[PDB]
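> This one's a deposited entry, sequence included:
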Amino acid sequence: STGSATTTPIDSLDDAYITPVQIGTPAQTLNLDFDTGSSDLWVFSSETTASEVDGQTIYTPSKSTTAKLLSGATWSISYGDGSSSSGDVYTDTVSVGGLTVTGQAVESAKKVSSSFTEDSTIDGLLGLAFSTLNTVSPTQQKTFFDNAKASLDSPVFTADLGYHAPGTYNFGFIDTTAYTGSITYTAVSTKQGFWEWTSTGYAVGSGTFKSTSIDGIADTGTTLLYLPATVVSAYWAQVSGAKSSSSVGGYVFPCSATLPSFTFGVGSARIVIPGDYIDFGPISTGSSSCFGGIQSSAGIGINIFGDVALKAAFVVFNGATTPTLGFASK
């Protein structure tokens, strides 16, 4: 089997991407944030505290003839940005782009933190990291991909995120029309539950490539590119007037700037992030200070190849017995 679904930016800055997902019988379609950095499929629901729902579409398990309470199961997750959610668990039928999993754990939110409430466009998360990170207790549950994998034509999914435009998540096949040149594959460590890999270095603009190992995670659920402070400083030093602002919470730059590209290495191959991908717009409405898309990972504790990086590539999440990651230009 295979599946193919379009993923769409939630706003004009590509702050996140949503993908329609069918849950239950009859189908209830929710727009979920596909997140290769976590492993819970959770949704706003009829059980979510009313004051914490503000415009999201909810899953109502009582209206699904295939929903079953997973008795005694609870979940609770906290993400790197301090956001969180928790609740109980149903199993139900879940379909993405024509690919169907029966008995998928659908984690129903009883509580969500303020940033989730405040984002009316995201109805939940669909985790695509390794199932070892799943938070369901006392019986850990599998991700949608883990459940689908054996049925897929090939045990892979691909992320093809757009810049200020829709893109595609495919399951079970590699669309050879969706990228240019060849796909370069690179090793993955699953030890921390992430799609963790090591970039071979970077360049800023037309500058020379610096060969240096950068361990980090391929994370569609993080907006920006978070890298070591040394790398980030080298980038922003090429932008007149750019500075790290403690009050704003990262590097800002004059909105009048033309940003340089940023290149990262994948083995001997190179992925080029155009300068415009690194512009996240005014820090507040009407400001001439703009927020940068490349930020320091210092104090996160891990480097993160988030959407800013991934959207410059066609990315293969290869779930073979020994997982690997593939990157192609597009």
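Looks like it came in fine. Residues are numbered from 1 along each chain as shown.
> From the contact counts, what lies against the longest helix belonging to the chain?
Counting residues, the longest helix in the chain under DSSP state H turns out to be helix 229-236. Helices and strands touching helix 229-236, by 3 or more CB pairs under 8 Å, 6 or more residues apart in numbering; DSSP states H and E, are strand 196-204, strand 250-254, strand 294-296. For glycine as for every other residue, the C-beta is placed from the backbone atoms N, C-alpha and C.
> try 6 Å this time
With contacts defined as 3 or more CB pairs under 6 Å, 6 or more residues apart in numbering; DSSP states H and E, the packing partners of helix 229-236 are strand 196-204, strand 294-296.
> Please compute how far the last one lies from its chain's middle.
Pointing back at strand 294-296 there. Strand 294-296 has its average C-alpha position 17 Å from the chain's average C-alpha position, going by CA atoms, centre = their mean, to the nearest Å.
> what does the longest helix of the chain contact?
Helix 229-236 is touched from outside by 202, 204, 242, 251, 262, 294, 296, 298, with contacts defined as CB atoms under 6 Å, 6 or more residues apart in numbering.
> Stretch 162-171 now?
By CB under 6 Å, 6+ apart, the residues outside stretch 162-171 that reach it are 2-8, 19, 34, 99, 157-158, 160-161, 277, 311.
> so the spatially closest residue to residue 69 that is not a sequence neighbour bridges to which residues?
Residue nearest to residue 69 in three dimensions, not counting chain neighbours: residue 90, with 5.8 Å by CB to CB, 6 or more residues apart in numbering. Residues in a beta bridge with residue 90, per DSSP bridges, are residue 69, residue 106.
> Tell me if I'm right that residue 90 and residue 66 touch.
No: with contacts counted by CB atoms under 6 Å, residue 90 stays clear of residue 66, the gap being 9.5 Å.
> more crowded one of those two?
Using other CB atoms under 10 Å as the criterion, residue 90 and residue 66 rank with residue 90 on top: 25 against 16.
> In strands only, show me the contacts of stretch 162-171.
3, 4, 5, 6, 7, 8, 19, 34, 99, 157, 158, 160 (DSSP state E).
> What residues does the second one make contact with?
In this case it means residue 4. 97, 170.
> What of the fifth one?
With contact set as CB under 6 Å, 6+ apart, residue 7 has these partners: 17, 19, 167, 169.
> and what of the third one?
When contacts are counted by CB under 6 Å, 6+ apart, residue 5 touches 19, 96, 97, 169.
> Pull out the buried members of these.
Among the contacts of residue 5, those classed as buried by 16 or more other CB atoms under 10 Å are 19, 96, 97, 169.
> Tell me the one of those nearest residue 285?
Checking the buried ones among the contacts of residue 5 against residue 285 by CB to CB gives residue 19 as the nearest, at 28.4 Å.
> Which residue is the nearest non-sequential neighbour of the closest one?
Leaving out its chain neighbours, the residue that sits closest to residue 19 by CB to CB, 6+ apart is residue 7, at 4.4 Å.
> Kindly check the end-to-end length of stretch 181-198 for me.
21 Å (CA to CA, to the nearest Å).
> Identify each buried residue in that stretch, please.
Applying a neighbour-count criterion of 16+ other CB under 10 Å, one finds 183, 184, 185, 186, 188, 193, 194, 195, 196, 197, 198 buried in stretch 181-198.
> can you check stretch 272-289 too?
Applying a neighbour-count criterion of 16+ other CB under 10 Å, one finds 273, 275, 277, 278, 279, 280, 283, 289 buried in stretch 272-289.
> need the contact list for residue 270.
Contacts of residue 270 were listed using CB under 6 Å, 6+ apart, and they are residue 263.
> tell me the SS of it?
With DSSP: H, G, I helix; E, B strand; the rest coil as the basis, residue 270 sits in strand.
> Return the distance of it relative to residue 211.
According to CB to CB, to the nearest Å, residue 270 and residue 211 sit 12 Å apart.
> Just the helices from the stretch 101-250 of the chain, written as ranges.
Assigned by DSSP state H, counting those that start in this stretch, the helices in the stretch 101-250 of the chain fall at 114-117, 144-148, 229-236.
> out of the ones you listed, deepest packed?
Ranked by mean neighbour count, these are led by helix 144-148 with a mean of 23 (mean count of other CB atoms under 10 Å).
> Next up, identify which helix or strand residue 287 is on.
Secondary structure assignment for residue 287, by DSSP states H and E: no helix or strand.
> Once you drop chain neighbours, what's closest to it?
Setting aside the residues directly before and after it, residue 287 is nearest to residue 255 in space (CB to CB, 6+ apart), at 7.5 Å.
> Between its first and last residues, what's the separation in stretch 311-327?
11 Å.
> Cheers, nothing more for now.
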